[PDB]
């Protein structure tokens, strides 16, 4: 006689797992995270995230963090913005952390919901619609700090070379760096010189993030860099992604989470499309370009599969791309990416996919 049981853990090892954040924009109150095995396309489980959820996995790989909004009666009643902590293996709810009712509601760019390098603090974007950065102390399960210094700035770029430091892109075209103390309160801060012209050459917010620097691409196909090897961030650029032939066909970047960096080689991956003009900056990729950031020259180009967002796994040398519905898995251990497989119907409306962390 068979007996149905619950209490079971995810069937595949953590190192096989990816997280597809499905906005389900057609029914945005039932957003969710779909957990997949990238090696074979198997659906492993899911985490419900209510209205326009955001998601990340703890840097130590043990927990899943979500960020969402509830109301007592969904479309009426008292609002509750929260972070939830879920067990990564059992996919169960553990803890709710109360936020002020101004967490960012918007599409799933990575930089809206991040954590410090040391994993001790969650760092999230608020908009009321005045902007600030919110800090959650994971150990205490508490909202501990509201960084109003970041007013008029947007998104969170963690510095992988410091334990509790991050940057945000500001309306002056520069970067604001925030260094948190061990209590999660601002311990110091600095502002860079202008990196890019906001009016003439706006950048996409998605970083191509190295251990001690970050690169950004612009609406017109230029690249800007922020070097944070020191306490003071040094900024430079532009250099162009484009050669003369590229310019003749009006190639420009397009998408959402549209770039990536392979840290060992310095290769930067960028979604590109031809016939660029005003209004095409979120167009699906016609191609992925592979740029050598040291020589500031393209090394390869491959079909884009209408992808809109991507993410990189450093240790297995992989790139995932995502067209809203389907996830493509690429081997990037060599300069030309190799397509391994496609996971069809991983989501209804996703613009973000992430690997389970393996680096600890």
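Residue numbers count along the first chain shown, from 1.
*Asks:* Would you determine, from the values in the PDB entry, which of 156 to 164 and 228 to 236 has the greater average C-alpha temperature factor?
*Replies:* Comparing 228 to 236 with 156 to 164, the higher mean C-alpha B-factor belongs to 228 to 236.
*Asks:* So, looking at the entry's B-factor column for Cα atoms, which has the higher mean, 141 to 149 or 95 to 103?
*Replies:* According to the PDB entry, the answer is 141 to 149.
*Asks:* If I read the C-alpha B-factors straight from the PDB entry, which of 110, 84, 81, 246 is highest?
*Replies:* Comparing C-alpha B-factors across 110, 84, 81, 246, the maximum falls on 246.
*Asks:* Name the one of 170, 203, 259, 124 with the greatest CA B-factor according to the PDB entry.
*Replies:* The C-alpha B-factor peaks, among 170, 203, 259, 124, at 170.
*Asks:* Taking the chain's C-alpha temperature factors as the reference, tell me which third residue 216 falls into: lowest, middle or highest.
*Replies:* It falls in the middle third of the chain.
*Asks:* Considering only modelled residues of the same chain, in which third does the CA B-factor of residue 195 rank: lowest, middle or highest?
*Replies:* Answer is highest: the recorded C-alpha B-factor places it there.
*Asks:* C-alpha B factor of residue 114, ranked within the chain: lowest, middle or highest third?
*Replies:* For residue 114, the deposited C-alpha B-factor lands in the lowest third.
*Asks:* Select lowest, middle or highest to describe the third in which the CA B-factor of residue 352 falls within its chain in this entry.
*Replies:* Answer is lowest: the recorded C-alpha B-factor places it there.
*Asks:* Considering only modelled residues of the same chain, in which third does the CA B-factor of residue 20 rank: lowest, middle or highest?
*Replies:* Lowest third - that is where residue 20 ends up once the chain's C-alpha B-factors are sorted.
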